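Encoded as C-alpha cells, the structure appears first; notes follow it.
Laboratory data are not the source of any read-out in this text; all were calculated from the coordinates shown. So basically every Cβ, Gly included, is an ideal-geometry build from the backbone, and we count neighbours across all protein chains shown.
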Amino acid sequence: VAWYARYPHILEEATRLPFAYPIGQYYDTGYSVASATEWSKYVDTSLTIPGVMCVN
Amino acid sequence: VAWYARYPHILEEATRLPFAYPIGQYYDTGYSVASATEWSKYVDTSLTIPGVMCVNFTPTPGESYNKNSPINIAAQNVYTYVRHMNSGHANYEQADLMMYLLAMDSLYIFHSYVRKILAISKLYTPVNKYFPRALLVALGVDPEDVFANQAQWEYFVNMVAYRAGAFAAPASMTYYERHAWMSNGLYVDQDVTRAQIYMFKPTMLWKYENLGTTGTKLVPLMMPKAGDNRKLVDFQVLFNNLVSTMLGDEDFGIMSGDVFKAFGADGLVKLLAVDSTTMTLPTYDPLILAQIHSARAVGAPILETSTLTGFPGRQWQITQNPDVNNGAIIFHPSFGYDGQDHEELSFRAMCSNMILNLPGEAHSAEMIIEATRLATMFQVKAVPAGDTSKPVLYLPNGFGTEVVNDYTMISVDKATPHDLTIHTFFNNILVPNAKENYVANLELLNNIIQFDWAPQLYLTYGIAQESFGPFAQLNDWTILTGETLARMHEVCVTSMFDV
Amino acid sequence: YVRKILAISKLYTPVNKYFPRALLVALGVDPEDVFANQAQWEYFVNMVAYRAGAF
C-alpha cells in the first residue's frame, strides 16, 4: 500500500504498542465492553503464562 | 648553622624520637612536672585522635512544589521517551514512572550500603586501630556478627544485586551513579597513612508504599544509626520490607517491561557482583572533601510516628496525587527537626547566609558546582497550625539531590577502658550551663579540627543567648545568597535527572 | 495557532524560566496536557493541516 509509504509518521503514531511483557506476573486484559461485568465469570480477562516445566 | 654540619653524629644521637603513633589507641602524654598530681584534673595528659566521621545524607528529588520543577521536567521527558517507543501498555503516567525510578535509586543505595559494610570488615592495618570496628559501629552493624557471618553477608549482597536486576532503570541518568559512588566509598581528609576516614550513610530510604487510588507516595524508611548492633537478619528484614510492596505489582512489572523495551539491556544500570577478593580502599578525593566542607545539616527526617506540637501532617513524603497540583510530583519538606518535641535553639544560627569556602585560588565552574551539592540554607519558618508551636521548622529555598541530617564522629574515650565514643551533631551545637558541657564541647571542637575539610560549625551558648559564626579556617571564601544557591541546586538537579 | 502551541512547548533555555510554561499559559492551553499527550497533539495538528489543505 502506497499510503503506508506516503504517511509513515501517522502510521508510526498509530502503531505505538508496548510489547515484551515480562512473564511470571499475572496480567489482566480488561474489558472491551465496560458493561460486561454483569456476566462476571462468563468473560476471561485473566492471562497467565507458564514459564517452567520439570520432567521427573 | 655550621655546627650541625660539623657534628651530625651528635645531632642524630640527640634527635632520636619515635614518630608515627598508631591512631585509634589512647595515649597519655605524662607529666613534665612530677609534682603536678596535686592538681589532678587541672592538667590534660590525655590525647585522643578521632579517625572517622560519618555524613548522614538523604536522597531527595530536589524541592518540587509545582510542575516546573526539574523532577517534573525529567518525569515528562522520560515518559515521552518511553511512550514514544512504546506500542502497547498505556496505564501509567510520568509521575508514576518517576516514583519507580526513585524506588530503584533507593534500593541501589541500599545495595551500595551493604556492599560497603561487607568490604569494610576485611580491612585491618597496624597503623590504625579504628579499622574496621569503628567504621562498622558508625555504619550501625555488629562487627562480631560480620566476622562470624562474612560468607552469609557476601551471599546476601550478591542475592540483593541479583534481585535488584529484575527491574530496569536507565544508566544514562547519573542519579544512581552519583548516589552509589557517594555511599560506597571511603575518603581520607589527607593523603597520609594515619588519615581520617569520611563516610556517607543513608539516613533514610523511600519505601514505595502503593495503596489507595490517590496515586503513590514514597513513605520514609528509617535506617540503622551508629551504635546499633544490627545484624544480617535485621538487614535482610529491611531489604524484604523495602521490596515487599515492590514485587507482585503488575503496574511495576509493566513499567519495568516498558523501560526494558525503551533502554536496551546493554543501556540499563547493572549492580556489579562481589566476591571474597574484593578490597575497598580509602582514597583521597578533593571534590568530596570540598562538598563535605560546604555541607549544612538540615535535621532529622519527620515521620508519621513523630509527634510535633502545632505541626501536623508535616512528614517527609513524596506525594503524587493526580487531582492535587495538576498531578505534579510534590516534595516540600520542613527542616529543623532534631528528634524531640522542643525548640532546639541551636538551629537559629543557620538563619544567616552561608559562606562557601574553597581551596586554592582559581575555581572552575564545575568544581564550584560540585562544592555546594550538600549546602542547604533555610528561607522562611513554616507556619505552625494552632496556637502552640513548641518546635520550629524552616522551609528551605531549595536543595540538591542530597541533604545532610547529622554528622557521626567516632573517637577513643578518655576514660577507662578507652573504647569508641558515639558523637552525633548538626552543624550547630548548643551548650547549656553545666559542669562538663563546656569541656565536652571543647573535646568535640578539637576532634572536629583534626578532620581537614570539616563542615563549618555554628556554636551557641545558652547563658549568653548568643551564637557564633563559622568555626572553620577560611582560605578563599565568598558569601552565598539563597537565590544563588537555588540557581545552583536547580542546575545540579536538572543535570542529574538527564537522559 | 495550534502549530505554534505545539512548537512552543519544546522551548527551554537556562536563562529564561518563562519557557515554555508561561508562553503556553498565555496561549491558553494546559502545559501538563501538552506534555502528557504530545503524540495526540501532533496527530491532531497534522490532521488539521491535512484537512485544511484540501481547500
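Hey, does segment B:391-413 have a residue that's more than 14 Å from chain C (Cβ to nearest Cβ), surrounded by fewer than 17 Cβ atoms within 10 Å (Cβ to Cβ) and among the β-branched types (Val, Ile, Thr)? I'd like the intermediate steps shown before the answer.
Filtering segment B:391-413 for residues more than 14 Å from chain C (Cβ to nearest Cβ) gives B:391-397, B:399-413.
The next check asks that each one be surrounded by fewer than 17 Cβ atoms within 10 Å (Cβ to Cβ); those that pass are B:413.
If we keep only those that are among the β-branched types (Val, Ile, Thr) as well, we get none.
No, the conditions are met nowhere in segment B:391-413.
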Notebook entry, point to check: Could you list, in sequence order, the residues of segment B:177-227 that are part of a loop (DSSP other than H, G, I, E, B) and of a type in the set (A, V, I, L, M)?
Noted result: B:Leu186, B:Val192, B:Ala195, B:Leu211, B:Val219, B:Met223, B:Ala226
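State yes or no: is B:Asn158 farther than 30 Å from B:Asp413 by Cα and surrounded by fewer than 20 Cβ atoms within 10 Å (Cβ to Cβ)? Full working, then the answer.
Values: farther than 30 Å from B:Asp413 by Cα: yes; surrounded by fewer than 20 Cβ atoms within 10 Å (Cβ to Cβ): yes.
Answer is yes for this residue.
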Checklist line | Exclusive hit being away from chain C (no Cβ under 14 Å) and crowded, with 17+ Cβ neighbours inside 10 Å, set B:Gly360, B:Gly336 | finding: B:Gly336
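In segment B:97-139, what count of residues is obtained for those that are touching an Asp or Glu at 6+ places or on another chain (Cβ under 7 Å) and under 20 Å from B:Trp206 (Cα atoms)? Explain how you work it out, then say what you get.
Within segment B:97-139, the first condition is being touching an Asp or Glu at 6+ places or on another chain (Cβ under 7 Å), and the residues that meet it are B:118.
Subsequent filtering for residues that are under 20 Å from B:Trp206 (Cα atoms) retains none.
Within segment B:97-139, residues that are touching an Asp or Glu at 6+ places or on another chain (Cβ under 7 Å) and under 20 Å from B:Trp206 (Cα atoms) number 0.
Going by what's in this entry, would B:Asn441 be described as polar (S, T, N, Q) and over 22 Å from the mean Cα position of the chain (by Cα)?
Working: polar (S, T, N, Q): yes; over 22 Å from the mean Cα position of the chain (by Cα): yes.
For B:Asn441, the condition - polar (S, T, N, Q) and over 22 Å from the mean Cα position of the chain (by Cα) - is met.
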Margin query: Can you find, within segment B:56-75, the residue that is farthest from the other protein chains (Cβ to nearest Cβ) among those that are among the small types (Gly, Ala, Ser) and assigned to a helix (DSSP H, G or I)?
Written below: B:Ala74
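Take B:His423 and decide whether it is without any contact (Cβ under 8 Å) to a residue 40 or more places away in the chain and either of a type outside the set (A, V, I, L, M) or crowded, with 16+ Cβ neighbours inside 10 Å (or both). Explain how you work it out, then say what you get.
On the way: without any contact (Cβ under 8 Å) to a residue 40 or more places away in the chain: yes; either of a type outside the set (A, V, I, L, M) or crowded, with 16+ Cβ neighbours inside 10 Å (or both): yes.
Yes, satisfied.
Residues are listed down the side, and each one gets a yes or a no for (1) of a type in the set (A, V, I, L, M, F, W, C); (2) free of Cβ contacts under 8 Å to residues at least 24 places away in the same chain; (3) out of contact with any strand residue (DSSP E or B) (no Cβ under 8 Å at 6 or more places or on another chain):
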position: B:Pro170; (1), (2), (3): no, no, no
position: B:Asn184; (1), (2), (3): no, no, yes
position: B:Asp191; (1), (2), (3): no, no, no
position: B:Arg194; (1), (2), (3): no, no, no
position: B:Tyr208; (1), (2), (3): no, no, no
position: B:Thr214; (1), (2), (3): no, no, yes
position: B:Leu218; (1), (2), (3): yes, no, no
position: B:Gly227; (1), (2), (3): no, no, no
position: B:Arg230; (1), (2), (3): no, no, no
Item checked: Matching residues in segment B:138-171 - criterion: being under 11 Å from B:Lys231 (Cβ atoms) and among the aliphatic types (A, V, I, L, M) -> B:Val141, B:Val146, B:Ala148
Item checked: Candidate set from segment B:280-309 (those that are surrounded by fewer than 22 Cβ atoms within 10 Å (Cβ to Cβ) and in contact with a helix residue (DSSP H, G or I) (Cβ under 7 Å, 6 or more places away or on another chain)); member that is farthest from B:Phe451 (Cα to Cα) -> B:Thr280
Notebook entry, point to check: Is one or more of the residues making up segment B:438-455 in contact (Cβ under 8 Å) with a residue 12 or more places away in the chain, among the aromatic types (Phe, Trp, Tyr) and assigned to a strand (DSSP E or B)?
Noted result: no
Checklist line | Options B:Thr174, B:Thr213, B:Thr125; residue that is surrounded by fewer than 17 Cβ atoms within 10 Å (Cβ to Cβ), among the hydroxyl-bearing types (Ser, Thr, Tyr) and closer than 25 Å to B:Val404 by Cβ | finding: B:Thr174
Note to self: Pairs needed: first member in segment C:28-55, more than 9 Å from chain B (Cβ to nearest Cβ); second member anywhere, not in a helix (DSSP H, G or I); C-beta distance under 6 Å; at least 6 residues apart or different chains.
What the structure shows: C:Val34/C:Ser9
Next item on the list: Would you mind finding the one in B:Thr319, B:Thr372 that is buried (at least 22 other Cβ atoms within 10 Å of the Cβ) and not basic (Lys, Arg)?
Entry: B:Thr372
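Answer yes or no as to whether C:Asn37 is more than 20 Å from B:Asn326 (Cβ to Cβ), among the polar types (S, T, N, Q) and surrounded by 12 or more Cβ atoms within 10 Å (Cβ to Cβ). Give the steps one after another, and end with the answer.
Details: more than 20 Å from B:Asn326 (Cβ to Cβ): no; among the polar types (S, T, N, Q): yes; surrounded by 12 or more Cβ atoms within 10 Å (Cβ to Cβ): yes.
Criteria not met by C:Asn37.
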Check: Going through segment B:233-279 one residue at a time, which ones are part of a loop (DSSP other than H, G, I, E, B), within 23 Å of the chain's Cα centre (by Cα) and crowded, with 19+ Cβ neighbours inside 10 Å?
Finding: B:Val243, B:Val269, B:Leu271
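If I filter segment B:76-95 down to residues being touching a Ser or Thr at 6+ places or on another chain (Cβ under 9 Å) and buried (at least 22 other Cβ atoms within 10 Å of the Cβ), which single residue comes out as nearest to the other protein chains (Cβ to nearest Cβ)? Break it down stepwise before answering.
Looking only at segment B:76-95, we keep the residues that are touching a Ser or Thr at 6+ places or on another chain (Cβ under 9 Å), and these are B:87, B:94-95.
When the remaining residues are screened for being buried (at least 22 other Cβ atoms within 10 Å of the Cβ), the result is B:94-95.
Values: B:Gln94: 7, B:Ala95: 10 Å.
Within segment B:76-95, the match that is nearest to the other protein chains (Cβ to nearest Cβ) is B:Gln94.
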Note to self: Taking the condition of being more than 12 Å from B:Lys270 (Cα to Cα), part of a loop (DSSP other than H, G, I, E, B) and of a type in the set (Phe, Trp, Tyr), how many residues in segment B:137-176 meet it?
What the structure shows: 0
Next item on the list: Looking only at segment C:10-27, count how many residues are within 9 Å of the chain's Cα centre (by Cα) and either of a type in the set (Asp, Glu) or within 10 Å of chain B (Cβ to nearest Cβ) (or both).
Entry: 0
Notebook entry, point to check: Could you list, in sequence order, the residues of segment B:112-131 that are closer than 14 Å to B:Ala226 by Cβ and in a loop (DSSP other than H, G, I, E, B)?
Noted result: B:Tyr130
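Would you pick out the residues in segment B:364-385 that are among the β-branched types (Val, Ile, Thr) and closer than 15 Å to B:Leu485 by Cβ? Reasoning before the result, please.
Filtering segment B:364-385 for residues among the β-branched types (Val, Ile, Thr) gives B:368-369, B:372, B:376, B:380, B:383.
Scanning segment B:364-385 gives B:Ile368, B:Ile369, B:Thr372, B:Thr376, B:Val380.
Go through segment B:263-288 and give me each residue that's touching a strand residue (DSSP E or B) at 6+ places or on another chain (Cβ under 8 Å) and within 14 Å of another protein chain (Cβ to nearest Cβ). Reasoning before the result, please.
Within segment B:263-288, the subset touching a strand residue (DSSP E or B) at 6+ places or on another chain (Cβ under 8 Å) is B:263, B:267-269, B:282-285, B:288.
B:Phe263, B:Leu268, listed by residue number.
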